[PDB]
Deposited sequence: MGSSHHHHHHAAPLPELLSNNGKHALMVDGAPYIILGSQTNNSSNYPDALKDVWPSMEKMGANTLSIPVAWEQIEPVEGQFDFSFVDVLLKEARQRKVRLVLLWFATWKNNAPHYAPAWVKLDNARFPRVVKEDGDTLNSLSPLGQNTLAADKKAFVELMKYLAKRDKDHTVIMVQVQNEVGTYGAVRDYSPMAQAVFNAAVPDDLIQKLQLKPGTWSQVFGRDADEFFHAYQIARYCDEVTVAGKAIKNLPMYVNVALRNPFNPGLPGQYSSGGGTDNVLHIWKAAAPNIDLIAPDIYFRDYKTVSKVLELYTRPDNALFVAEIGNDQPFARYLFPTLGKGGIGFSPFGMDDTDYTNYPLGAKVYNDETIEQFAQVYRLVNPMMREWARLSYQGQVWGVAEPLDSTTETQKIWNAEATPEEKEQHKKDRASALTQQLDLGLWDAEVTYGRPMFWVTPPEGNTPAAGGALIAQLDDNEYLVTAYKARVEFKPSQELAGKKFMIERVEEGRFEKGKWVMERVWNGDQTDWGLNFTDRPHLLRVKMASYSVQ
C-alpha cells in the first residue's frame, strides 16, 4: 500500500490515502479517551456520525511511563479496533506541549525542571510551559516519538494511521517567550542566517524584528523544536505530520501571552513556514462560532504553501455548516472535537449537552459528502470546487420591512462558476420566490464542483441553489438542460431520477436529506 502523502501543486492540495485524494470527515475524542477501556464510549458516536477518520491522543506519559520502558498496549488495541470498524486514524502526539503545558509528558519529565526547563517570565517567575531551548527536552521527546513511529513502521504496514499531529497547541500562556538566561543568550545573539535569507531581511532579534522580536523568537524556537521531532519520526515512517494552532482572534487578537504565544498564529505563519519546512501543514482549531470570524480563519490558513485542515472545531450545532466552506476552499478535512460519550462537554466552546441530537447535526452534513468522498477529493485537487455556509448567525435574544430586505440580501450568496453563476439563498419554501428568511438555527450550506464548461456536481443543505449565465448572452436564452439525482458506484455515475418541473422551476431546493445532483446548463439561440 502506498504511504499517505500531502501533495501540493499549482496552489492546490490533496491528502493522498491508498494512492488517491481523500477527505477526512473526522471526529476527535475528548482528551482522556486515550485508553483501551474508553474506546467503547468512542466507537458508537463515530458510527452515528458517519466519520471516516478518528483523531485520538497518544500521550508520551502512556508510551514511556518510566524512562526507556516503552508501552504500546494502547496503540495495539486502537489499531485493531479501528481496523475492525474500517476507519482510519490520526494520532495526536501529546508530549512537550499540550495546550502550552507538559501535563502529558511523563512524571520523570514534567517533575524534573532542572533537566527539562520551563519558560521563565521577565520577572524571574516560572510558567508551567517547557522551554523550546531545552536541549534535553527535545532529545527525550524526539526519542519517544521515534519509538512510536517505529511501532507504526512494524505494526501498521497498511497505514491505518494516515497522519500524525506533532504536539498539541504549542506555545505559552502568561508570557511572550522564555526570558531565562539560556534563552536570553540566544535572543541577544544574531537571528540565524537561514531565517534572515528565507524572509529576505537585513541581518539580532531586537534589531531586525523590533516590537515583534519577543513573539517571533518563541515562534521560531518552537517551530525548530517541532521540525526536529518531525524529521526524526519521518526518517522512520514518512507519514503527513502537522501542527494544530490555538488561534488568536484574527480581527482583535490582543497580546501574545493572552493568546498562546509561539504557536502557528496568523502573524507568525511566515516564521513557521521558514523554520519548519518538514511540517506538512499548519491546522486552525476553530471555536469562534460567528460566521465572519470563522470565514476569516479559513481564508488565513488556506494558502498556496498550506493545505487547509480544520484539525478541531467546536461540536455545537452552529459549527456543522462550516464543513461546506472548508471543502469549498479545497480543504483536506474537518474534525469536530469531543465526539465521545465519556461524560464531558467543553461547553461554552462546544455543545451544552452531548447526545444523539449533538451527533446528528454533523451526521446530516457528512451524509452529503460520504457518498462522493473520493470523487469530491479528486475534483478539489484537480479542478474547481466551491462551498458556502449560511452567512448570518442565529438571531440572538438581544436582537429579538427594511430589516427583512437587509436579511434577505445578506442570506443571498453569488458564486462565479465560469460561464454560469450560482445564487445560494437560505430559509425559503421549495416553491415560488418569497425572499430568504434564514434557517432557525442557522445551518444551511452548498457544495459545487465543475465537471465541464456547462456541467456541475451539486449538493446542498437547507438552501436553494439557482443557476444563471455569468456573462450577458447576445440574442441567446438559457435554461437548465438536465438535472440528474444519483450516486457514484465503482467511480461511475448512476442516475436515480431526473429533477424537472416544480423541482427545477424555483432553483434546486434542499432540505436536511442528502441528494447529489449533476446539473447541465445550456444557452440556446432564438434568432
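Numbered from the first deposited residue, the unresolved ranges run 1-11, 215, 413-423.
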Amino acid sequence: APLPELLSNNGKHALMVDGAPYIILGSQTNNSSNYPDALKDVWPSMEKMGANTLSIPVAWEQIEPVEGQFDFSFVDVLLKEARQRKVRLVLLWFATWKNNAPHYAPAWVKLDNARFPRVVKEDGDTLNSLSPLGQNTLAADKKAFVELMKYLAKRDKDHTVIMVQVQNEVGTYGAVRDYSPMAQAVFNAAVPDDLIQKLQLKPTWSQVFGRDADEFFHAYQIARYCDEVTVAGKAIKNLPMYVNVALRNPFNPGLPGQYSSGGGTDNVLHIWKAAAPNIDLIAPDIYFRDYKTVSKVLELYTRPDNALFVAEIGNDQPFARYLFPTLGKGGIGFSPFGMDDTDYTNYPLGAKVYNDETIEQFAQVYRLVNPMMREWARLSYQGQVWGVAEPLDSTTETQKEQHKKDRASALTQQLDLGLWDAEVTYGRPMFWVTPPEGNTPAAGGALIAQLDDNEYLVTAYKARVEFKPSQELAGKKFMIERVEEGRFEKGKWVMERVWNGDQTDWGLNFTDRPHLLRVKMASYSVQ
From here on, numbers count along this sequence of modelled residues.
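Compared against other deposited entries of this protein, residue 403 counts as consistently modelled, with coordinates in all of those that resolve the residues around it and thus below the third mark.
Between the stretches 320-328 and 225-233, it is 225-233 that shows the larger average CA temperature factor. Two stretches are in play, 302-310 and 390-398, and the higher mean C-alpha B-factor belongs to 390-398. Each of 429, 445, 438, 256 has a CA temperature factor in the record; the biggest one is found at 256. Ranking 144, 294, 175, 87 by Cα temperature factor from the entry places 175 first. Placement of the Cα temperature factor of residue 338 within the chain: lowest third of the modelled residues, per the deposited record. Ranked against the other modelled residues of its chain, the C-alpha B-factor of residue 26 as given in the entry falls in the lowest third.
Placement of the Cα temperature factor of residue 501 within the chain: lowest third of the modelled residues, per the deposited record. When the CA B factors of the chain's modelled residues are split into thirds, the value for residue 98 lands in the lowest one. Looking at the C-alpha B-factors along this chain, the one for residue 207 belongs to the highest third.
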